[PDB]
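Contents: one structure, followed by commentary.
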Amino acid sequence: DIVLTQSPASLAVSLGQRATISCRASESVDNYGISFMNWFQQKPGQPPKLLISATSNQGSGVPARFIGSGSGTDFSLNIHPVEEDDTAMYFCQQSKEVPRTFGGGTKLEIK
Amino acid sequence: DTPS
Amino acid sequence: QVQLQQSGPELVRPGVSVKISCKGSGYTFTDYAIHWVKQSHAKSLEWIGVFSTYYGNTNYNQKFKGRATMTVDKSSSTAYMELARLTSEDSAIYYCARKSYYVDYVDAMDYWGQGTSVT
Amino acid sequence: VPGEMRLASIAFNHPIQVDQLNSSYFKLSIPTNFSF
Amino acid sequence: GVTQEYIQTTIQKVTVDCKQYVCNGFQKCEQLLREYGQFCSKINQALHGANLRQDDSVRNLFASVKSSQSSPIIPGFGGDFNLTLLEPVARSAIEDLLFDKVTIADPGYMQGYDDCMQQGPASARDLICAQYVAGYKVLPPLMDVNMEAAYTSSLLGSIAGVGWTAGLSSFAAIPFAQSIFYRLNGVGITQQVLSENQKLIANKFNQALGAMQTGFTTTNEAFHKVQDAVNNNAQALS
Amino acid sequence: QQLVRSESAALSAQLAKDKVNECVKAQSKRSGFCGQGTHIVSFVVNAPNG
Amino acid sequence: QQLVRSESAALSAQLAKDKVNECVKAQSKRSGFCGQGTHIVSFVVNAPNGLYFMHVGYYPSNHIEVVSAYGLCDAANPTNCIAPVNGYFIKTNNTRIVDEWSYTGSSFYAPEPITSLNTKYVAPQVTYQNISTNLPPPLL
């Protein structure tokens, strides 16, 4: 399967600051222009939660605050007004090919 | 013109 | 009102074939396949398989393909995953999740079950 | 009473466009509803 | 190889101002023509009924010609096949050859009688100018050549979406070269041969298209039929 | 004369409609119609009166 | 005048005979004849001086565009290739189906599983997809 990795392993930002997460694929996941990239969110005491999907920055359970971007092997998440209730683990998910594996993820923190 |  | 009610956690001894159930409620159960996931750490999660609730067709992650099998009870709106030959490396949090298509041709995991665990 | 006649152009309905593609896959137009 | 056919669909539509054809405004003839007034009424009735049938035949044809869906058409459409039939976005190179080669008398509907007036050439010899002498009126076609071209390009854009069953519902939109290979499987040529000889197929087909540039002479029977359709319309007016 | 010509044109237009729905929009398996070499794709352009 | 009208009626009666033997007594696959919606059952009633036909047709609506493939093959074995019968192979957008590809009918969009009943074996082609795992016809 295509390997997903992410960086930086944790990120701390001040309240109201923009924040981003970088995501890298071992091989491109674009097939037919579709991209197939979803981002997930998890906190302690919770299940993972779907945030966004390849053409749905708003929708899929969230507001437009969670902006997915990029193509090929490079993807990113961009959130312009971070609050302390965004502190969570965040993961890249590949929907392109079996067996649907996904990244180890990063942790958002507050300064 | 618009019919009757 | 969508729900995925997983069965409660247990400290199961090794060598047991362990069955976990997940009950759909508040939607038509036969229209959505169920994904299953294993979580061993906050940063270590992996897909286990998917079960069609209409046709019974399955796919599994190759590492568990000769261990894990999945079945249904359509009258109780419930799906099961049974994992042969338990070992200490299977001590983990397990999930079930509903298949969806928010974006055309892209799998989404939508609503998730609350989490159960085996040890 | 009705007034003056109106000069009009005859409408032309454009058929639905579908993009032809290269490579190993293609776009397909298919009906989802019908009437007798 | 290419063969061609011409199928006539219409007659040039005319009307006749019966009274003016018989008599050019004289009062003595008009007094006599009152005895025969029902003959001009019957002539007008019959010609009008014929013209309605011509226009309905055109609309019924174009209702079947229209597709519900098509491809866009660009230069370079058809890949390895040259296709001089492609529009120069227009009509086409083949249509312009056909309209120029046939000896067509100048159309009306454009300013017409103003080119038979003193504000025009002394060499005009048009049947347009004979219209006001005889009381003819040639009527306009019901389509417009731009709309005819839109229907014609819509037919060209539907080619190679009609394979793989049906074609009266789904529209396949697949590569043109691939649809030709699929049609050649349909006449009993094996796919192994088709896979190897793709370049040779394109070359032979483009040679067959190239032969169309010599097909606009009266030795070509289909071309000769087009010329005679134009001659017959002129003959009736003369 | 015009009534006769008009009627023959209408009958000829019906033949044109049938050829567009069998030779232009589909591959024909019938022979007869078209050049005699089975049949592959056919095309239509506008002509004087047809 | 009567001789001309009589002859045109005889020619028109020959057309009526052909439509009774192709649209009334059978399903037509030709298009052209009848209302333009392929063709299903037609009926005849008597009219003044002739026959009056009614043709039931099937008319499409609400068209959508989908991704489709020419055919599918086994990535491990190039002779195992299939092509859809009377329908298309489309990328899956239905939550019941756990496969990358699905089968649909030609005249109506509805995904289904790809099985031996919906397909035929063909020679391989360069445009066919290379499927690495889940194919049920052939299973191998």
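Inside segment A:7-42, can you point out the residues that are within 24 Å of C:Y105 (Cα to Cα) and either aromatic (F, W, Y) or exposed (fewer than 13 other Cβ atoms within 10 Å of the Cβ) (or both)?
Listed by number, the residues that qualify are A:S26, A:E27, A:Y32, A:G33, A:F36, A:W39, A:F40.
Where residues in segment A:90-111 are of a type in the set (K, R) and part of a loop (DSSP other than H, G, I, E, B), which of them is farthest from the other protein chains (Cβ to nearest Cβ)?
Checked segment A:90-111; the qualifying residue farthest from the other protein chains (Cβ to nearest Cβ) is A:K111.
Yes or no, residue by residue, for (1) of a type in the set (S, T, Y); (2) part of a strand (DSSP E or B); (3) within 27 Å of C:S117 (Cβ to Cβ):
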residue	(1), (2), (3)
A:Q6	no, yes, yes
A:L11	no, yes, no
A:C23	no, yes, no
A:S35	yes, no, no
A:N38	no, yes, yes
A:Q41	no, yes, yes
A:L51	no, yes, yes
A:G70	no, yes, no
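Scan segment F:19-41 residue by residue and report those that are among the polar types (S, T, N, Q) and within 11 Å of the chain's Cα centre (by Cα).
Matches in segment F:19-41: F:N21 only.
Could you please find all residues in segment G:36-53 being in a loop (DSSP other than H, G, I, E, B) and closer than 30 Å to D:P15 by Cβ?
G:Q36, G:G37, G:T38, G:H39, G:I40, G:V41
Considering only segment G:54-65, I want to know if a residue exists there that is away from chain D (no Cβ under 11 Å), assigned to a strand (DSSP E or B) and over 30 Å from A:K96 (Cα atoms).
yes
Hey, could you check segment F:17-32 for residues that are within 11 Å of chain G (Cβ to nearest Cβ) and small (G, A, S) and say which is farthest from E:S158 (Cα to Cα)?
The extreme case among them is F:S28.
I'd like to know if segment A:12-24 contains one or more residues that are closer than 17 Å to C:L45 by Cα, away from every other protein chain (no Cβ under 12 Å) and not hydroxyl-bearing (S, T, Y).
Yes - at least one qualifying residue is present in segment A:12-24.
Where in segment C:49-109 are there strands (runs of 3 or more DSSP E), lying fully within it, with 1 or more residues that are within 20 Å of C:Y27 (Cβ to Cβ)?
The qualifying strands (runs of 3 or more DSSP E) are C:68-73, C:78-83, C:92-98, C:100-103, C:106-108.
Keeping to segment G:83-122, report how many residues are within 14 Å of chain E (Cβ to nearest Cβ) and part of a strand (DSSP E or B).
12
Are any of the residues in segment C:53-62 more than 28 Å from G:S102 (Cβ to Cβ) and more than 12 Å from the chain's Cα centre (by Cα)?
So far as segment C:53-62 goes, no, none of its residues is more than 28 Å from G:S102 (Cβ to Cβ) and more than 12 Å from the chain's Cα centre (by Cα).
Of everything in segment E:134-183 that's among the β-branched types (V, I, T), under 25 Å from E:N60 (Cα atoms) and at the interface with another protein chain (Cβ under 9 Å from one of its Cβ atoms), which residue is nearest to the chain's Cα centre (by Cα)?
Step by step, filter segment E:134-183, then rank; the result is E:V145.
Is one or more of the residues making up segment E:2-13 within 8 Å of chain F (Cβ to nearest Cβ), surrounded by 12 or more Cβ atoms within 10 Å (Cβ to Cβ) and touching a strand residue (DSSP E or B) at 6+ places or on another chain (Cβ under 6 Å)?
The answer is no, given that none of the residues of segment E:2-13 is within 8 Å of chain F (Cβ to nearest Cβ), surrounded by 12 or more Cβ atoms within 10 Å (Cβ to Cβ) and touching a strand residue (DSSP E or B) at 6+ places or on another chain (Cβ under 6 Å).
Taking segment E:21-50 on its own, how many of its residues are surrounded by 15 or more Cβ atoms within 10 Å (Cβ to Cβ) and under 27 Å from E:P140 (Cβ atoms)?
6
Any idea how many residues of segment F:1-16 are at the interface with chain E (Cβ under 7 Å from one of its Cβ atoms), of a type in the set (A, V, I, L, M, F, W, C) and over 13 Å from the mean Cα position of the chain (by Cα)?
So the answer is 1.
Being within 13 Å of the chain's Cα centre (by Cα) and buried (at least 16 other Cβ atoms within 10 Å of the Cβ) is the filter here, so list the residues in segment A:77-86 that pass it.
Correct list: A:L77, A:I79, A:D86.
Where residues in segment C:81-93 are buried (at least 18 other Cβ atoms within 10 Å of the Cβ) and closer than 19 Å to C:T53 by Cα, which of them is nearest to the chain's Cα centre (by Cα)?
Within segment C:81-93, the match that is nearest to the chain's Cα centre (by Cα) is C:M81.
From C:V37, C:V12, grab the single residue that is of a type in the set (V, I, T), part of a loop (DSSP other than H, G, I, E, B) and more than 14 Å from chain G (Cβ to nearest Cβ).
Result of the check over C:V37, C:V12: C:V12.
Can you find, within segment E:94-131, the residue that is farthest from the other protein chains (Cβ to nearest Cβ) among those that are assigned to a helix (DSSP H, G or I) and of a type in the set (V, I, T)?
Out of the qualifying residues, it is E:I128.
Residue check: is E:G163 exposed (fewer than 14 other Cβ atoms within 10 Å of the Cβ) and within 17 Å of F:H39 (Cα to Cα)?
No.
Select from segment D:6-33 the residues that are in a loop (DSSP other than H, G, I, E, B), over 11 Å from the mean Cα position of the chain (by Cα) and surrounded by fewer than 13 Cβ atoms within 10 Å (Cβ to Cβ) and list them in ascending order.
D:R6, D:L7, D:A8, D:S9, D:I10, D:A11, D:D19, D:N22, D:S23, D:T32
Taking C:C22 and the conditions (1) touching a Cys at 6+ places or on another chain (Cβ under 7 Å); (2) not in a strand (DSSP E or B), which numbered condition does it fall short on, given that it satisfies the others?
(2)
Read-outs: derived from the displayed coordinates by stated rules, not from any lab. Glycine gets a Cβ as well: all are built from the backbone with ideal geometry, and neighbour counts include every protein chain shown.
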